[PDB]
Amino acid sequence: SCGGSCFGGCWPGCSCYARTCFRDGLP
């Protein structure tokens, strides 16, 4: 559950995975 864009960095506390923002604990 992270917004932002991969072209300009993912949301705070997330990463750019699969051309999208996603991370354990924060879908």
# chains A, B, ... in the order shown; residues from 1 in each chain; ligands from 1
$ residues_around --residues "segment 7-9 of chain A" --least-positions-apart "3" --cutoff "10 Å" --atoms "only C-alpha atoms" --output "PyMOL selection string"
chain A and resi 3-4+12+14-16+19-21
$ write_last_selection --atoms "C-alpha atoms" --output "tab-separated table (two decimals), in the first residue's frame"
chain	number	residue	atom	x	y	z
A	3	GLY	CA	1.89	5.42	-3.72
A	4	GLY	CA	4.51	7.52	-5.46
A	12	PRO	CA	8.53	6.70	2.16
A	14	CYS	CA	8.89	1.37	0.49
A	15	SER	CA	10.77	0.12	-2.57
A	16	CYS	CA	10.35	-0.19	-6.34
A	19	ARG	CA	7.48	-1.58	-11.65
A	20	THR	CA	5.39	-0.81	-8.57
A	21	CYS	CA	5.70	0.09	-4.88
$ select_by_dssp --residues "chain A" --states "strand (DSSP E)" --output "PDB file with N, CA, C and O atoms, in the first residue's frame"
ATOM      1  N   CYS A  16      10.878  -0.010  -4.987  1.00  0.00           N
ATOM      2  CA  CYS A  16      10.355  -0.186  -6.335  1.00  0.00           C
ATOM      3  C   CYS A  16      10.512  -1.634  -6.795  1.00  0.00           C
ATOM      4  O   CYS A  16      11.571  -2.031  -7.278  1.00  0.00           O
ATOM      5  N   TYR A  17       9.449  -2.417  -6.638  1.00  0.00           N
ATOM      6  CA  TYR A  17       9.468  -3.819  -7.035  1.00  0.00           C
ATOM      7  C   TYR A  17       8.354  -4.120  -8.031  1.00  0.00           C
ATOM      8  O   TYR A  17       7.189  -3.804  -7.790  1.00  0.00           O
ATOM      9  N   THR A  20       6.378  -1.331  -9.505  1.00  0.00           N
ATOM     10  CA  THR A  20       5.392  -0.808  -8.567  1.00  0.00           C
ATOM     11  C   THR A  20       5.949  -0.771  -7.148  1.00  0.00           C
ATOM     12  O   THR A  20       6.969  -1.395  -6.855  1.00  0.00           O
ATOM     13  N   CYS A  21       5.275  -0.034  -6.273  1.00  0.00           N
ATOM     14  CA  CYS A  21       5.702   0.086  -4.883  1.00  0.00           C
ATOM     15  C   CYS A  21       5.011  -0.958  -4.010  1.00  0.00           C
ATOM     16  O   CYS A  21       3.784  -1.002  -3.930  1.00  0.00           O
TER      17      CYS A  21
END
$ residues_around --residues "residue 13 of chain A" --least-positions-apart "3" --cutoff "9 Å" --atoms "only C-alpha atoms" --output "tab-separated table (two decimals) with N, CA, C and O atoms, in the first residue's frame"
chain	number	residue	atom	x	y	z
A	2	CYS	N	1.60	1.46	-1.09
A	2	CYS	CA	2.47	2.63	-1.22
A	2	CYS	C	2.24	3.33	-2.56
A	2	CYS	O	2.20	2.69	-3.61
A	10	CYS	N	9.89	5.50	-4.89
A	10	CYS	CA	8.67	5.01	-4.26
A	10	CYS	C	8.36	5.78	-2.98
A	10	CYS	O	9.17	6.58	-2.52
A	23	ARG	N	5.91	-3.59	-0.27
A	23	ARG	CA	6.83	-4.06	0.76
A	23	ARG	C	6.06	-4.75	1.89
A	23	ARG	O	4.95	-4.36	2.22
A	26	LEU	N	3.39	-3.33	4.32
A	26	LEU	CA	2.78	-2.18	3.66
A	26	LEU	C	2.45	-2.49	2.20
A	26	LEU	O	3.14	-2.06	1.28
